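Take a look at this single chain, the form deposited in one PDB entry, given in C-alpha cells.
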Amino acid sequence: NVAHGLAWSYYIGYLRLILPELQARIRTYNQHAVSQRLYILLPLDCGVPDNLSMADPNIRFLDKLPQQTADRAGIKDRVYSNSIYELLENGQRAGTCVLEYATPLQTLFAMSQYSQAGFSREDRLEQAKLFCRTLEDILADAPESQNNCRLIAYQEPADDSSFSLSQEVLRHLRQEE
C-alpha cells in the first residue's frame, strides 16, 4: 500500500541525490569531529516532532552542514540542508553526527488524520513497517549507499517511562567500530 511509494520517493527525490555528496560535505565542515553517515530516525509510531531536542534533550543541535543546492523541476537552487547534533550521556559529549527523521513517516501520520485520504488510523504501524522494510531493501542494492547512512528504526514500549532516543542513536553510532 502507500508506504511503498513513499519509500521509493524518499530514495529517488532525496537519498540518491544527497548521499553521493554527503562525505564530501562532512570533510568540508570538519576543517572549519562529525561521524560519516546520515543517521535516519524511523519511529514506527510515526511520531515525528520537528525539533529533535524535544524528543530528547540529550540530543543537542550543534550546527548545519554546508547546504547542497541543485536545479530541480523548474526550481533554481533548491536547497538540501542537514543538521549536526551532539549526543550526550550523563552530561558528557559521547557522539556527534548528522541526524534527522525520515519525513515520509510524518507524511503517513498526517494522511491518517485527513478523511478523504482513505487511510485508516489503525494502519499506521503496518505502513511504517512497510516503509522501513522497503527502504532497507532499496538501500541494500543502492550504489549511492556505500556506508553513507544508517536507519534507526524503533518502537517505544507501551506505555511506561524510560526509552532514551539519544541512547538508541548512541548504540548504532558505537557499532560503527
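C-alpha atoms forming the largest set that superposes within 1.5 Å between two forms make up the rigid core. Only residues modelled in both forms are compared. So that there is no doubt, residue numbering starts at 1 and follows the sequence shown.
Not pictured, yet referred to below: the form deposited in another entry.
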| property | result |
| --- | --- |
| Position with Cα shift of 2 Å or more, rigid core superposed between this form and the one not shown, options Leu125, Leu151, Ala70, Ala142 | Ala70 |
| Distance direction in the other entry for the C-alpha atoms of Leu41 and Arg72, relative to the displayed form (3 angstroms or more) | farther |
| Outcome for the Cα pair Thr69, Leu6 in the other entry, compared with this form (closer or farther; change of 3 Å or more) | farther |
| Consecutive stretches, 3 or more residues long, displaced between this form and the one not shown (C-alpha shift of at least 2 Å once the core is aligned) | 67-79, 114-122 |
